[PDB]
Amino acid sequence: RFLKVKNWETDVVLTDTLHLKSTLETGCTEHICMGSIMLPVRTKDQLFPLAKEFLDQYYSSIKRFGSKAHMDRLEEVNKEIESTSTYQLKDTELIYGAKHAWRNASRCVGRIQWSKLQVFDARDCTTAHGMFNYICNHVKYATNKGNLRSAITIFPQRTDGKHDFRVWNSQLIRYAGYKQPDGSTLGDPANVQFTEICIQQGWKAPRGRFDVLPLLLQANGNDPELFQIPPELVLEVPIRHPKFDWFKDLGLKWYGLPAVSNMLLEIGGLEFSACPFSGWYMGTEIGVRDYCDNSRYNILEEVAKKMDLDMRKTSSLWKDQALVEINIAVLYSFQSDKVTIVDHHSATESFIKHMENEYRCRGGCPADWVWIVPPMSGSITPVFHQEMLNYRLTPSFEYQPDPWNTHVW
């Protein structure tokens, strides 16, 4: 019932009690571990337990548990659900809920930052043009001229499930991908399907390698609509290397603002299906994953060639050498252009400190080791040596089906 986690580098042992407050299921059983699997409406009856659980933790958090104001709010929400089949969160609850969904995100190494989140309440939004406005304002606020600030914008909650708000983009800012007669892929291969949806809905694709995609926004269950984000709001960084003068000629760039927009925020049983949120990048996300995944920009081969490495045999570690250089360049470029970025050493060191705070202050910290350990140089980061327990707490961010599969036109 009480669980221990050990760090094998430092011998520090922490005791987890927070897992006993775990609501949702993991995918694992006593017979099988699904730890490495990527992906493993509410009737009146289901909603009240969920609301009570949430309000209890909320009132506890402001040191008012069992107070008249606590009991009063529980009755008010109970009455509202009994009458309307749903309920509305107070601003204070919504903010607490959003901060806690981030605090609970077991796959996020950046959670030391969880209490500094700007929450933009977009529950009064009714159209896609309204959504576009809210999103530009979020983009501009979060970007802050390179001095990035964490933010989330929360559109109206699901009702009967036929009037869903959705941002169809997987992130607010991404690059288009196009299949060519050639048989190869121009731009980002991850976005080929989405790019085609944009085209089939009207978008004039410039057909380049780094074309910022249009937002495709769905309000109130309606057909989604296209908008170009003002370019002056999309802060991009040209990638150069501090030692290699040829690096700029690869013609690489990335965007400054990582902003996930396809997830669902669950607070007190309510479901916010459009809740784009953003922070700032850890360097490896771009340099290792975006640039080097075989199925992404896949640039290792071109870079290795320019370095004049021996690509005859895997054992020369030519991939590993090129990988480090690409990642030095990402960090140097962002740092030179004064755009907030964190390297994997710094971010994992901060996460270990955050785990210790959470264990000391909350009795635990759900973490998914498979996600938390950076995709390069794993064991030279402290997280590699840290046992982590993974479990699901609410409020939470959850995955949801891509809208093009669900939506009826």
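Don't overthink the numbering: it's just position in the shown sequence, from 1. If you superpose the two forms and keep the largest set of C-alpha atoms that fall within 1.5 Å, you have the rigid core.
Outlying stretch relative to shown form, 155-163 versus 79-87 in 5 other deposited structures of this protein, C-alpha RMS (core): Stretch with the larger root mean square C-alpha distance in 5 other deposited structures of this protein: 155-163.
After a rigid core fit, does 224-232 or 175-183 show more C-alpha displacement in 5 other deposited structures of this protein? Once the core is superposed, the stretch further away in 5 other deposited structures of this protein is 175-183.
How big is the unmodelled gap, if any, between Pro40 and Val41 relative to the deposited sequence? Choose none, 1 to 3, 4 to 9, or 10 or more. 4 to 9 residues are missing.
Mean C-alpha temperature factor, higher of 49-57 and 66-74: Looking at the recorded C-alpha B-factors, 66-74 comes out higher on average.
Averaged over C-alpha atoms, is the B-factor higher for 105-113 or for 126-134 in this PDB entry? Per the deposited B-factors, the answer is 126-134.
Would you mind checking which of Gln386, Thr23, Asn390, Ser396 has the top Cα temperature factor in the PDB entry? Each of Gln386, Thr23, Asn390, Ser396 was compared by C-alpha B-factor; the highest is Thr23.
Taking the values straight from the PDB record, which of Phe272, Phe120, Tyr291, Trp246 has the highest C-alpha temperature factor? Out of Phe272, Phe120, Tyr291, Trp246, the record gives the largest C-alpha B-factor to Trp246.
B-factor third for the C-alpha atom of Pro206 within its chain: Answer is highest: the recorded C-alpha B-factor places it there.
Looking at the entry's B-factor column for C-alpha atoms only, identify whether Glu325 ranks in the lowest, middle or highest third of its chain. Answer is middle: the recorded C-alpha B-factor places it there.
Classify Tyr178 as lowest, middle or highest third according to the C-alpha B-factor given in the PDB entry, relative to its own chain. Answer is highest: the recorded C-alpha B-factor places it there.
Within-chain third of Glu285 by Cα B-factor, per the entry: It belongs to the lowest third of the chain when residues are ordered by C-alpha B-factor.
Compared with the other modelled residues in the chain, in which third is the CA B-factor of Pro231? Within its chain, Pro231 is a middle-third residue by C-alpha B-factor, going by the deposited values.
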